[PDB]
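Shown below: structure13.cif, with mmCIF, C-alpha atoms.
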data_model
#
loop_
_atom_site.label_atom_id
_atom_site.label_comp_id
_atom_site.auth_asym_id
_atom_site.auth_seq_id
_atom_site.Cartn_x
_atom_site.Cartn_y
_atom_site.Cartn_z
CA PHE A 168 -23.81 17.71 78.24
CA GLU A 169 -20.70 15.53 78.42
CA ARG A 170 -22.95 12.47 78.05
CA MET A 171 -24.53 13.85 74.87
CA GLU A 172 -21.11 14.99 73.63
CA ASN A 173 -19.89 11.38 73.71
CA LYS A 174 -22.90 10.39 71.60
CA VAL A 175 -21.95 13.04 69.05
CA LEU A 176 -18.50 11.46 68.81
CA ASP A 177 -20.23 8.10 68.31
CA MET A 178 -22.12 9.61 65.37
CA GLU A 179 -18.86 11.02 64.01
CA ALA A 180 -17.32 7.57 64.40
CA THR A 181 -20.33 6.17 62.55
CA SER A 182 -19.78 8.86 59.91
CA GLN A 183 -16.16 7.70 59.63
CA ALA A 184 -17.41 4.15 59.07
CA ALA A 185 -20.14 5.39 56.73
CA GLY A 186 -17.84 7.68 54.76
CA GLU A 187 -14.95 5.24 54.37
CA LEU A 188 -17.16 2.53 52.86
CA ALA A 189 -18.87 5.01 50.53
CA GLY A 190 -16.11 4.69 47.93
CA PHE A 191 -17.22 2.42 45.08
CA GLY A 192 -16.95 2.03 41.32
CA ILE A 193 -20.25 3.92 41.12
CA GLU A 194 -18.09 7.06 41.04
CA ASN A 195 -17.23 6.18 37.44
CA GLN A 196 -20.95 6.08 36.58
CA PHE A 197 -21.26 9.64 37.90
CA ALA A 198 -18.77 10.73 35.24
CA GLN A 199 -21.13 9.16 32.70
CA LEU A 200 -23.98 11.06 34.36
CA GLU A 201 -21.99 14.29 34.10
CA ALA A 202 -20.98 13.34 30.56
CA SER A 203 -24.66 12.98 29.68
CA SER A 204 -25.29 16.29 31.46
CA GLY A 205 -22.98 18.00 28.98
CA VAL A 206 -25.18 16.71 26.16
CA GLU A 207 -28.14 18.79 27.35
CA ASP A 208 -25.75 21.71 27.80
CA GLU A 209 -24.60 21.08 24.23
CA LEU A 210 -28.26 20.89 23.20
CA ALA A 211 -28.80 24.03 25.27
CA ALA A 212 -26.14 25.70 23.13
CA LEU A 213 -28.01 24.42 20.07
CA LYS A 214 -31.16 26.13 21.37
CA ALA A 215 -29.08 29.29 21.88
CA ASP B 24 -27.55 10.68 81.11
CA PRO B 25 -26.40 14.31 80.89
CA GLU B 26 -29.91 15.31 79.77
CA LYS B 27 -31.38 14.36 83.14
CA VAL B 28 -28.45 15.76 85.13
CA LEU B 29 -28.53 19.05 83.22
CA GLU B 30 -32.31 19.24 83.63
CA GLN B 31 -32.08 18.41 87.34
CA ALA B 32 -29.44 21.09 87.91
CA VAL B 33 -31.74 23.55 86.14
CA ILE B 34 -34.56 22.46 88.45
CA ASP B 35 -32.27 22.90 91.45
CA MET B 36 -31.42 26.44 90.33
CA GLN B 37 -35.12 27.27 90.62
CA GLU B 38 -34.98 26.49 94.34
CA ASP B 39 -31.78 28.45 95.00
CA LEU B 40 -32.99 31.78 93.61
CA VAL B 41 -36.10 31.67 95.80
CA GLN B 42 -34.05 31.14 98.96
CA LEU B 43 -31.76 34.08 98.19
CA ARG B 44 -34.84 36.23 97.65
CA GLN B 45 -35.98 35.22 101.14
CA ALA B 46 -32.53 35.98 102.55
CA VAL B 47 -32.61 39.40 100.89
CA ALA B 48 -36.14 39.98 102.17
CA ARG B 49 -34.93 38.95 105.62
CA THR B 50 -32.07 41.42 105.20
CA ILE B 51 -34.56 44.13 104.21
CA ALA B 52 -36.55 43.39 107.36
CA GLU B 53 -33.48 43.56 109.60
CA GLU B 54 -32.23 46.88 108.22
CA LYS B 55 -35.71 48.39 108.52
CA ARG B 56 -35.91 47.42 112.20
CA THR B 57 -32.56 48.93 113.19
CA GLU B 58 -33.49 52.01 111.17
CA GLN B 59 -36.73 52.18 113.15
CA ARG B 60 -34.90 51.41 116.39
CA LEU B 61 -32.11 53.96 115.94
CA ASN B 62 -34.48 56.71 114.79
CA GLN B 63 -36.60 56.66 117.94
CA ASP B 64 -33.55 56.17 120.17
CA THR B 65 -31.97 59.39 118.89
CA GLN B 66 -35.12 61.21 119.98
CA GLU B 67 -35.25 59.71 123.48
CA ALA B 68 -31.97 61.45 124.30
CA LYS B 69 -33.62 64.71 123.27
CA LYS B 70 -36.57 63.91 125.53
CA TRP B 71 -34.35 63.29 128.54
CA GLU B 72 -32.36 66.35 127.50
CA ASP B 73 -35.64 68.22 127.95
CA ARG B 74 -35.99 66.70 131.42
CA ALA B 75 -32.63 68.32 132.16
CA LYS B 76 -33.95 71.64 130.86
CA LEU B 77 -36.59 71.37 133.58
CA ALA B 78 -33.70 70.81 135.97
CA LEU B 79 -31.93 73.75 134.33
CA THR B 80 -34.99 75.76 135.35
CA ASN B 81 -34.33 75.27 139.07
CA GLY B 82 -32.12 73.19 141.29
CA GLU B 83 -31.96 69.53 140.33
CA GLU B 84 -28.53 69.32 138.75
CA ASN B 85 -28.71 65.64 139.71
CA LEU B 86 -31.70 65.26 137.40
CA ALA B 87 -29.79 67.12 134.68
CA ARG B 88 -26.75 64.88 135.08
CA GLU B 89 -29.06 61.87 135.33
CA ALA B 90 -30.65 62.96 132.06
CA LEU B 91 -27.15 63.12 130.58
CA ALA B 92 -26.63 59.54 131.77
CA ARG B 93 -29.55 58.42 129.61
CA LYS B 94 -28.24 60.69 126.85
CA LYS B 95 -24.81 59.04 126.96
CA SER B 96 -26.34 55.56 127.00
CA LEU B 97 -28.66 56.26 124.07
CA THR B 98 -26.07 57.86 121.78
CA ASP B 99 -23.74 54.90 122.31
CA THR B 100 -26.55 52.54 121.34
CA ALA B 101 -27.27 54.62 118.23
CA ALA B 102 -23.62 54.44 117.21
CA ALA B 103 -23.61 50.67 117.77
CA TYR B 104 -26.85 50.32 115.81
CA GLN B 105 -25.49 52.70 113.17
CA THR B 106 -22.47 50.41 112.89
CA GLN B 107 -24.79 47.39 112.74
CA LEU B 108 -26.90 49.04 110.03
CA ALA B 109 -23.77 49.53 107.92
CA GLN B 110 -23.03 45.80 108.06
CA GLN B 111 -26.54 44.89 106.88
CA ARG B 112 -26.37 47.44 104.06
CA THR B 113 -23.04 46.00 102.90
CA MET B 114 -24.32 42.44 103.33
CA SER B 115 -27.59 43.32 101.59
CA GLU B 116 -25.77 44.59 98.50
CA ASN B 117 -23.50 41.54 98.58
CA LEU B 118 -26.51 39.22 98.37
CA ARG B 119 -28.16 41.55 95.85
CA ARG B 120 -25.10 41.47 93.60
CA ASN B 121 -24.66 37.76 94.31
CA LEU B 122 -28.30 37.21 93.37
CA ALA B 123 -27.92 39.26 90.18
CA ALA B 124 -24.83 37.29 89.18
CA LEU B 125 -26.46 34.01 90.22
CA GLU B 126 -29.47 34.76 88.01
CA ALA B 127 -27.20 35.24 85.00
CA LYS B 128 -25.50 31.89 85.64
CA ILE B 129 -28.85 30.09 85.89
CA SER B 130 -30.33 31.66 82.75
CA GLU B 131 -27.32 31.10 80.50
CA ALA B 132 -26.56 27.67 81.95
CA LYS B 133 -30.15 26.52 81.44
CA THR B 134 -30.63 27.88 77.92
CA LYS B 135 -27.20 26.93 76.56
CA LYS B 136 -27.57 23.30 77.63
CA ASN B 137 -31.08 23.07 76.17
CA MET B 138 -30.05 24.41 72.76
CA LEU B 139 -26.94 22.23 72.86
CA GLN B 140 -29.17 19.25 73.63
CA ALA B 141 -31.61 20.25 70.88
CA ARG B 142 -28.91 20.67 68.22
CA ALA B 143 -27.17 17.50 69.40
CA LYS B 144 -30.47 15.66 68.99
CA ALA B 145 -30.87 17.36 65.61
CA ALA B 146 -27.35 16.30 64.66
CA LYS B 147 -28.02 12.60 65.22
CA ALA B 148 -31.38 12.91 63.47
CA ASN B 149 -29.65 14.28 60.37
CA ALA B 150 -26.98 11.58 60.59
CA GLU B 151 -29.65 8.89 60.83
CA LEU B 152 -31.29 10.26 57.68
CA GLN B 153 -28.01 10.00 55.77
CA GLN B 154 -27.37 6.49 57.12
CA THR B 155 -30.85 5.28 56.18
CA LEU B 156 -30.52 6.63 52.64
CA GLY B 157 -27.40 4.49 52.25
CA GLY B 158 -29.08 1.64 54.11
CA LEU B 159 -31.86 1.16 51.56
CA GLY B 160 -32.46 -2.57 51.20
CA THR B 161 -34.45 -2.86 47.97
CA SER B 162 -31.26 -4.07 46.26
CA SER B 163 -31.85 -7.49 47.85
CA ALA B 164 -34.27 -8.29 45.01
CA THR B 165 -31.25 -9.28 42.89
CA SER B 166 -31.64 -12.77 44.37
CA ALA B 167 -35.20 -12.94 43.00
CA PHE B 168 -34.02 -11.81 39.57
CA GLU B 169 -31.11 -14.22 39.97
CA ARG B 170 -33.62 -16.95 40.87
CA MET B 171 -35.60 -16.36 37.67
CA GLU B 172 -32.37 -16.06 35.68
CA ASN B 173 -31.44 -19.62 36.68
CA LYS B 174 -34.84 -20.79 35.42
CA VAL B 175 -34.12 -19.12 32.07
CA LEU B 176 -30.90 -21.14 31.85
CA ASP B 177 -32.95 -24.24 32.64
CA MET B 178 -35.19 -23.42 29.67
CA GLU B 179 -32.10 -22.89 27.51
CA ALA B 180 -30.79 -26.25 28.72
CA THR B 181 -34.18 -27.73 27.82
CA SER B 182 -33.87 -26.01 24.44
CA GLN B 183 -30.46 -27.65 24.02
CA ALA B 184 -32.06 -31.02 24.75
CA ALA B 185 -35.05 -30.17 22.55
CA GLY B 186 -32.94 -28.85 19.68
CA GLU B 187 -30.36 -31.65 19.65
CA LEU B 188 -33.01 -34.38 19.36
CA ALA B 189 -34.88 -32.48 16.64
CA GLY B 190 -32.64 -33.89 13.91
CA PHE B 191 -34.39 -36.73 12.07
CA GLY B 192 -34.79 -38.21 8.61
CA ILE B 193 -37.92 -36.06 8.30
CA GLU B 194 -35.57 -33.38 6.97
CA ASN B 195 -35.41 -35.36 3.72
CA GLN B 196 -39.20 -35.23 3.46
CA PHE B 197 -39.01 -31.43 3.66
CA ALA B 198 -36.92 -31.48 0.48
CA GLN B 199 -39.80 -33.40 -1.11
CA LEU B 200 -42.17 -30.76 0.27
CA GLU B 201 -40.00 -28.02 -1.23
CA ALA B 202 -39.68 -30.07 -4.42
CA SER B 203 -43.48 -30.20 -4.63
CA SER B 204 -43.53 -26.47 -3.88
CA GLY B 205 -41.55 -25.85 -7.05
CA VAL B 206 -44.29 -27.61 -9.01
CA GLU B 207 -46.82 -24.92 -8.12
CA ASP B 208 -44.17 -22.32 -8.92
CA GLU B 209 -43.70 -24.09 -12.24
CA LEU B 210 -47.48 -24.11 -12.65
CA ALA B 211 -47.41 -20.46 -11.59
CA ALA B 212 -45.03 -19.84 -14.48
CA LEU B 213 -47.49 -21.69 -16.71
CA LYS B 214 -50.22 -19.30 -15.58
CA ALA B 215 -47.85 -16.42 -16.35
#

Could I get this structure in the form of C-alpha cells?
Amino acid sequence: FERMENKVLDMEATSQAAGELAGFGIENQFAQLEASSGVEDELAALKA
Amino acid sequence: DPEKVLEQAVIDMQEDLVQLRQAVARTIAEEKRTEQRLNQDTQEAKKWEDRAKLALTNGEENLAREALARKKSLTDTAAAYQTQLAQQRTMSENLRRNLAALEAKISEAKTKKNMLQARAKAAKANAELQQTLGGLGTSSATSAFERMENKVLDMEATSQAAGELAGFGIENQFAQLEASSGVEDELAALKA
C-alpha cells in the first residue's frame, strides 16, 4: 500500500506539472466563447 | 511492489486461521478427555467406597481403610484434573477470542487494501485520461499547412516576376484596340 501510495504522489506531481503548464492565452478565447454564449441567451430572451 | 506484498500477506492470513482452528480443535479434544477422565474417576471412589460397605458389614476395617486410601487418591486426582480442566477452558476461550479478533483483522486488512489498490489504480487511470486529452498531437499538422503556405509565397514571388515583366509596348496597341472599339460604338450610335 505504501508502494502504491508513492505512485499516487507521482500522479499528483504529474498533475502539478500538467496543471501549471495549462495556463495559456486560450483563456481569453473562452471569454469570447462565453460572450457568444450570451448571444443565444439574448436570443433565448427574444424567444421569451 | 506493495500489491504483491499486500496480496502475499493476505495469502498468509489464510494459513494462520486454519492453524488456530486446529489448535482450538486440539483444545476441544483435550478438555473432552479430562472431562471424560475426571467423570469416571469420581465414580471409582464410590465403587471402592462400596467395597468398604462390604467391610462395614463384617470385620475387615483394613479393607474399609484401604478403600479410603483409593478414595483419597482418586479425589486428589479429580481436583488436579479439575484444576487442569479450568486451564484448558480459560486457554480455549483465549484462542477463541484471539481467533475471533484475528478473523476481523484479516477480513478488514484484506478488503481495505484491495479497494485502496482498486481506487488507486482508478485514480491513475483517470489521470492518464486527462493527460492524454491534453497530449493530443494533431496540432503537429501546422508544419504541413506551413509547408504549403511557403509554396503560396513562392507562387506570389512568381507572380511578382510574372507581373513585373508584363509591361511592354503592347499596351499602346490596346489603346488602338479600344480606339477601334469606339468605332463600333460610333456605328452603334449610327444604328440608334

**Request:** May I have the residues of chain A within 12 Å of chain B, counting all atoms listed in the file, written as a VMD selection string?
**Result:** chain A and resid 168 to 186 188 to 189

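Of note, CA of residue 203 in chain A and CA of residue 190 in chain A are spaced 21.8 Å apart.
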
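Coordinates place CA of residue 125 in chain B at a distance of 14.2 Å from CA of residue 34 in chain B.
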
**Message:** Here's the selection I'm unsure about, the PyMOL selection byres ((chain B and resi 69) around 12); applied to the file above, which residues does it give, as a list in words?
**Reply:** residues 62, 63, 64, 65, 66, 67, 68, 70, 71, 72, 73, 74, 75, 76, 90, 91, 93, 94, 95, 97 and 98 of chain B

**Message:** One decimal, in Å: what's the spacing between CA of residue 149 in chain B and CA of residue 131 in chain B?
**Reply:** 26.3 Å

Using all atoms of range 177-184 of chain B that appear in the file, construct an axis-aligned enclosing box with 8 Å of padding on every side and provide its centre coordinates and edge lengths in Å, rounded to one decimal, as JSON.
{"center_x": -32.8, "center_y": -27.0, "center_z": 28.3, "size_x": 20.7, "size_y": 24.1, "size_z": 24.6}

**Request:** Give me the result of the PyMOL selection byres ((chain B and resi 110-116) around 12) on this file, residue by residue, as a ChimeraX atom specification.
**Result:** /B:43-58,103-109,117-124

Save the residues we just selected, C-alpha atoms, as an mmCIF file, in the frame of the given file?
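Contents of the output file out_12.cif:
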data_model
loop_
_atom_site.group_PDB
_atom_site.id
_atom_site.type_symbol
_atom_site.label_atom_id
_atom_site.label_comp_id
_atom_site.auth_asym_id
_atom_site.auth_seq_id
_atom_site.Cartn_x
_atom_site.Cartn_y
_atom_site.Cartn_z
ATOM 1 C CA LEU B 43 -31.760 34.080 98.190
ATOM 2 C CA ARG B 44 -34.840 36.230 97.650
ATOM 3 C CA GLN B 45 -35.980 35.220 101.140
ATOM 4 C CA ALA B 46 -32.530 35.980 102.550
ATOM 5 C CA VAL B 47 -32.610 39.400 100.890
ATOM 6 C CA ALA B 48 -36.140 39.980 102.170
ATOM 7 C CA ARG B 49 -34.930 38.950 105.620
ATOM 8 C CA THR B 50 -32.070 41.420 105.200
ATOM 9 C CA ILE B 51 -34.560 44.130 104.210
ATOM 10 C CA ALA B 52 -36.550 43.390 107.360
ATOM 11 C CA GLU B 53 -33.480 43.560 109.600
ATOM 12 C CA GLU B 54 -32.230 46.880 108.220
ATOM 13 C CA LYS B 55 -35.710 48.390 108.520
ATOM 14 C CA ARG B 56 -35.910 47.420 112.200
ATOM 15 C CA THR B 57 -32.560 48.930 113.190
ATOM 16 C CA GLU B 58 -33.490 52.010 111.170
ATOM 17 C CA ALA B 103 -23.610 50.670 117.770
ATOM 18 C CA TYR B 104 -26.850 50.320 115.810
ATOM 19 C CA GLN B 105 -25.490 52.700 113.170
ATOM 20 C CA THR B 106 -22.470 50.410 112.890
ATOM 21 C CA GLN B 107 -24.790 47.390 112.740
ATOM 22 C CA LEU B 108 -26.900 49.040 110.030
ATOM 23 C CA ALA B 109 -23.770 49.530 107.920
ATOM 24 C CA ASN B 117 -23.500 41.540 98.580
ATOM 25 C CA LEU B 118 -26.510 39.220 98.370
ATOM 26 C CA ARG B 119 -28.160 41.550 95.850
ATOM 27 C CA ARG B 120 -25.100 41.470 93.600
ATOM 28 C CA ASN B 121 -24.660 37.760 94.310
ATOM 29 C CA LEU B 122 -28.300 37.210 93.370
ATOM 30 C CA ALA B 123 -27.920 39.260 90.180
ATOM 31 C CA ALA B 124 -24.830 37.290 89.180
#

Using the incomplete input, complete range 75-108 of chain B to the level of N, CA and C atoms; output as a tab-separated table (two decimals), in the coordinates of the input.
chain	number	residue	atom	x	y	z
B	75	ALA	N	-33.69	67.50	131.58
B	75	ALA	CA	-32.63	68.32	132.16
B	75	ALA	C	-32.99	69.80	132.10
B	76	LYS	N	-33.57	70.24	130.98
B	76	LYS	CA	-33.95	71.64	130.86
B	76	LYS	C	-34.90	72.05	131.97
B	77	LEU	N	-35.80	71.14	132.37
B	77	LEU	CA	-36.59	71.37	133.58
B	77	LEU	C	-35.68	71.53	134.79
B	78	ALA	N	-34.69	70.65	134.91
B	78	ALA	CA	-33.70	70.81	135.97
B	78	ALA	C	-32.94	72.12	135.81
B	79	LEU	N	-32.57	72.47	134.57
B	79	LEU	CA	-31.93	73.75	134.33
B	79	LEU	C	-32.79	74.90	134.83
B	80	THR	N	-34.11	74.71	134.85
B	80	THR	CA	-34.99	75.76	135.35
B	80	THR	C	-34.71	76.07	136.81
B	81	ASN	N	-34.55	75.04	137.64
B	81	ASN	CA	-34.33	75.27	139.07
B	81	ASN	C	-33.78	74.01	139.73
B	82	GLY	N	-32.57	74.10	140.26
B	82	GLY	CA	-32.12	73.19	141.29
B	82	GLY	C	-31.50	71.87	140.87
B	83	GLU	N	-32.31	70.95	140.35
B	83	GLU	CA	-31.96	69.53	140.33
B	83	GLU	C	-30.89	69.25	139.28
B	84	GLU	N	-29.67	69.70	139.58
B	84	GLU	CA	-28.53	69.32	138.75
B	84	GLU	C	-28.41	67.81	138.65
B	85	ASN	N	-28.70	67.10	139.75
B	85	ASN	CA	-28.71	65.64	139.71
B	85	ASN	C	-29.59	65.13	138.58
B	86	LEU	N	-30.81	65.66	138.48
B	86	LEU	CA	-31.70	65.26	137.40
B	86	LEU	C	-31.07	65.58	136.05
B	87	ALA	N	-30.46	66.76	135.93
B	87	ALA	CA	-29.79	67.12	134.68
B	87	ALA	C	-28.69	66.13	134.35
B	88	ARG	N	-27.80	65.87	135.31
B	88	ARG	CA	-26.75	64.88	135.08
B	88	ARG	C	-27.34	63.50	134.84
B	89	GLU	N	-28.37	63.12	135.60
B	89	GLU	CA	-29.06	61.87	135.33
B	89	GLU	C	-29.55	61.83	133.89
B	90	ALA	N	-30.21	62.90	133.44
B	90	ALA	CA	-30.65	62.96	132.06
B	90	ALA	C	-29.49	62.75	131.10
B	91	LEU	N	-28.34	63.35	131.40
B	91	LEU	CA	-27.15	63.12	130.58
B	91	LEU	C	-26.79	61.64	130.57
B	92	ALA	N	-26.95	60.96	131.71
B	92	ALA	CA	-26.63	59.54	131.77
B	92	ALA	C	-27.44	58.76	130.74
B	93	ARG	N	-28.75	59.03	130.67
B	93	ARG	CA	-29.55	58.42	129.61
B	93	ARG	C	-29.06	58.89	128.24
B	94	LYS	N	-28.74	60.18	128.12
B	94	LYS	CA	-28.24	60.69	126.85
B	94	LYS	C	-26.99	59.92	126.41
B	95	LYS	N	-26.03	59.75	127.32
B	95	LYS	CA	-24.81	59.04	126.96
B	95	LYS	C	-25.11	57.60	126.57
B	96	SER	N	-25.99	56.94	127.32
B	96	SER	CA	-26.34	55.56	127.00
B	96	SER	C	-26.98	55.46	125.62
B	97	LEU	N	-27.93	56.35	125.33
B	97	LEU	CA	-28.66	56.26	124.07
B	97	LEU	C	-27.76	56.50	122.87
B	98	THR	N	-26.93	57.55	122.92
B	98	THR	CA	-26.07	57.86	121.78
B	98	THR	C	-25.13	56.71	121.49
B	99	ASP	N	-24.60	56.06	122.53
B	99	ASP	CA	-23.74	54.90	122.31
B	99	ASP	C	-24.50	53.79	121.60
B	100	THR	N	-25.74	53.55	122.01
B	100	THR	CA	-26.55	52.54	121.34
B	100	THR	C	-26.78	52.91	119.88
B	101	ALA	N	-27.06	54.19	119.61
B	101	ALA	CA	-27.27	54.62	118.23
B	101	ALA	C	-26.03	54.39	117.39
B	102	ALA	N	-24.85	54.70	117.93
B	102	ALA	CA	-23.62	54.44	117.21
B	102	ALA	C	-23.45	52.95	116.95
B	103	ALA	N	-23.70	52.12	117.96
B	103	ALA	CA	-23.61	50.67	117.77
B	103	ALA	C	-24.62	50.20	116.72
B	104	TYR	N	-25.86	50.66	116.82
B	104	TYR	CA	-26.85	50.32	115.81
B	104	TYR	C	-26.48	50.90	114.45
B	105	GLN	N	-25.97	52.13	114.42
B	105	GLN	CA	-25.49	52.70	113.17
B	105	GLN	C	-24.41	51.82	112.56
B	106	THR	N	-23.47	51.35	113.38
B	106	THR	CA	-22.47	50.41	112.89
B	106	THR	C	-23.13	49.13	112.39
B	107	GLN	N	-24.10	48.61	113.16
B	107	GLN	CA	-24.79	47.39	112.74
B	107	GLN	C	-25.52	47.61	111.41
B	108	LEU	N	-26.19	48.76	111.27
B	108	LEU	CA	-26.90	49.04	110.03
B	108	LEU	C	-25.96	49.05	108.83
